[PDB]
Amino acid sequence: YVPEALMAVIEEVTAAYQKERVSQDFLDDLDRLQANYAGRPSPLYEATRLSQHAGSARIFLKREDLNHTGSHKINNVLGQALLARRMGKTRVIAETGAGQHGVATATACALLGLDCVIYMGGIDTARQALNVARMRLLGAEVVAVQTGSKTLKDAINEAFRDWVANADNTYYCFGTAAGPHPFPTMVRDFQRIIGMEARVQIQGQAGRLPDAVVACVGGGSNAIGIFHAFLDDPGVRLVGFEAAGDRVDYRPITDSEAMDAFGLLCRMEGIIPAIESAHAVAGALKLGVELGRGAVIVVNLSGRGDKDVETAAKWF
Amino acid sequence: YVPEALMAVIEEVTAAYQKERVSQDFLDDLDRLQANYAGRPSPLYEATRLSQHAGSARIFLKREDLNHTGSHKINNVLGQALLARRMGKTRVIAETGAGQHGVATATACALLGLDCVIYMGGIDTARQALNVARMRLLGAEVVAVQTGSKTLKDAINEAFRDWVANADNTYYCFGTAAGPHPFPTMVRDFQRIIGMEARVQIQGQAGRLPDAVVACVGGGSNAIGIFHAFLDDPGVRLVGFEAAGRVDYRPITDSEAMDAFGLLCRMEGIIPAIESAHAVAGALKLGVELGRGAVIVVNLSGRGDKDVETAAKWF
């Protein structure tokens, strides 16, 4: 599943990232660097037409759903490249199948100014000359790996072979589903940027801190990532909505209630939520009818607009 | 091609639009409506690795390239839908093929509070089943046309009949490939929103109006629409770059462009359209020519793609 040979190398990265977690500075720095670069900060939208169904509170939807073809992947990558740069690494590697992660990796590296090399499967190479094209346009040595299978796994290995050799100057950039996810806390932390961005936006758009910041808890981290920046704001309730069918407060939301919110959001604002987001919404509206006129609530709309259209359409 | 029966209804929309064109009211209303909604305001990005290469001017990129392939269909549809509401229409109809125009149109109606009807070929309805479900989740009514041989052509024709009969309260939303485009001015004007956005964003990010705003002029209205909002800002230069009313035109050669192309990829990791690359080349000379601390706003119009090949060949 992972060579043992990766252990000292992974241990190096974790220990180095552990030093970053002491302050907000790493995160702050990432947020600076990615500002207006590829999608970040995702928009905060005041859903004025939901207001009437939420006790006339002001519902603000943190729009993590506005991500598709591009925005997305650069986010993980840029975090990593920044870490590589602060570990005094000078060079970055990765594997990619079809080429999307190699392009993101190559992107983060031109941006931050770091040599970069990408490992592509032999017959993967000659069936997208284009991403290769992007990658070489981005300045990245593409090593088209001939040796056995031809279909990713052999590239993972050279990439692995590389990383152990060169570990003093090289960072491995992870992001393919078929590759290793060795640093799960580092991934979680990158999610806190949602709340960091949403805390600036809600005070600029709403003129203060919110009454509440709300997320569906089955989105995992990334739904929950909106909370961290509001932990020291004693006036701000943090409410995680649990899917039920039939410091943080946790509250249940049934299938029906999610479903009805899903449809109201499509009809009131023209936005088609993930069933995940519709629970956070359904709770946001109950919470506004609780809190009344003049309340301000922030909702993490996490998960994918498309996915659930089928299930929603059956349901109705 | 276009039925003559349509002349009066087209004539009413053009007349009413020409009266909106008078002031920035209509556009300020679109701007407000769509803020944070589906992509607009596109970001304004300070390209600080490029400064080295431009007299140490500051180059800001107006990131039209961050559009989704798709971001543009709701943008145009929201404009038409807000105009229907501002004219007093209560209802908006359209035809759709595979469903995208229908989904865009229903999304704009749900947003603005308007009744929606979409006419689809009876067959198109069966094949594009989840575009239909999106439409109805959106609250639109979807008519699977049973007339003729249940074709797109037959759909359009039912939609033209409903338009004519219900013109007092009903607006027709254009922008399928098989449909007409009776209002090119309207569509060109919507592009003015680019410079209105960028005029706000350059004062927050840079603290003042810029020294120039720049765009590549082969890129049509999508290029040239950044200029309008700064027209009355004497002190802001307006430069249009072309592949060699107060706007200045200058030529940019193929190899000035391709050097700007490779420079943007390599310094910023942004792969531009060749079209963006000409404006980016022009902005690099102009910073050399205005020098240190000069704020130059560049329209990055067109799509960072299909020029990829052509850029690869070149290099």
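In what follows, chains are A, B, ... by sequence order, proteins preceding strands, each numbered from 1.
Of the atoms belonging to A/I272, it is side-chain heavy atoms, and not backbone ones, that fall under 4.5 Å from chain B. In this structure, no portion of A/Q201 lies under 4.5 Å from any heavy atom of chain B. For B/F315, the part sitting under 4.5 Å from any heavy atom of chain A is the side chain, from C-beta outward, and nothing else. Neither the backbone nor the side chain of B/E309 has a heavy atom closer than 4.5 Å to any heavy atom of chain A. When heavy atoms are compared at a cutoff of 4.5 Å, B/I270 approaches chain A by way of both its backbone and its side chain. Interface remark: A/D65 contributes no atoms to any contact with chain B (heavy atom separation under 4.5 Å). The contact between A/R63 and chain B is made entirely by side chain atoms (from C-beta outward), counting heavy-atom distances below 4.5 Å. Heavy-atom distances place both the backbone and the side chain of A/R134 under 4.5 Å from chain B. B/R266 touches chain A through backbone and side chain together, each having a heavy atom under 4.5 Å away. For chain A, no part of B/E46 is nearby; none of its heavy atoms comes within less than 4.5 Å. Both the backbone and the side chain of A/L66 come within less than 4.5 Å of a heavy atom in chain B. Heavy atoms closer than 4.5 Å to chain B are found in the backbone of A/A35, but not in its side chain.
With ring centers used as reference points, B/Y45 lies under 6.0 Å from A/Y37.
Between the side chain of A/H53 and the backbone N or O of A/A261 there is no donor-acceptor pair closer than 3.5 Å. In this structure, the side chain of A/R304 does not engage the main chain of A/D306 through any donor-acceptor pair within 3.5 Å. In terms of modelled atom types and a separation under 3.5 Å, the side chain of B/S51 and the main chain of B/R58 share no donor-acceptor contact.
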Intermediate values then yes/no, side chain to side chain contact (heavy atoms under 4.5 Å, CB included), B/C116 and B/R91:
CA-CA 6 Å; B/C116 187; B/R91 169 169 182 287; over 6 Å; no
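Top candidate by heavy-atom pairs under 4.5 Å with chain A, chosen from B/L44, B/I74, B/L130, is B/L44. With chain A as partner, the option from B/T48, B/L137, B/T107 having the largest number of non-hydrogen pairs under 4.5 angstrom is B/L137. Among B/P41, B/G70, B/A133, B/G113, the residue making the largest number of heavy-atom pairs under 4.5 Å with chain A is B/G113. The greatest number of non-hydrogen atom pairs below 4.5 Å with chain B, out of A/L61, A/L138, A/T69, A/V103, is found for A/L138.
Using a 4.0 Å cut-off between charged nitrogen and carboxylate oxygen, A/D29 and A/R86 count as a salt-bridge pair. With salt bridges taken as basic N to acidic carboxylate O contacts below 4.0 Å, one links A/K62 and A/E197.
A side-chain N or O of B/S42 and one of B/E64 form a donor-acceptor pair less than 3.5 Å apart. Under the 3.5 Å distance criterion, with hydrogens and angles disregarded, a donor-acceptor pair is assigned to the side chains of A/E95 and A/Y172. A donor atom on one side chain and an acceptor atom on the other are found under 3.5 Å apart for A/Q80 and A/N76.
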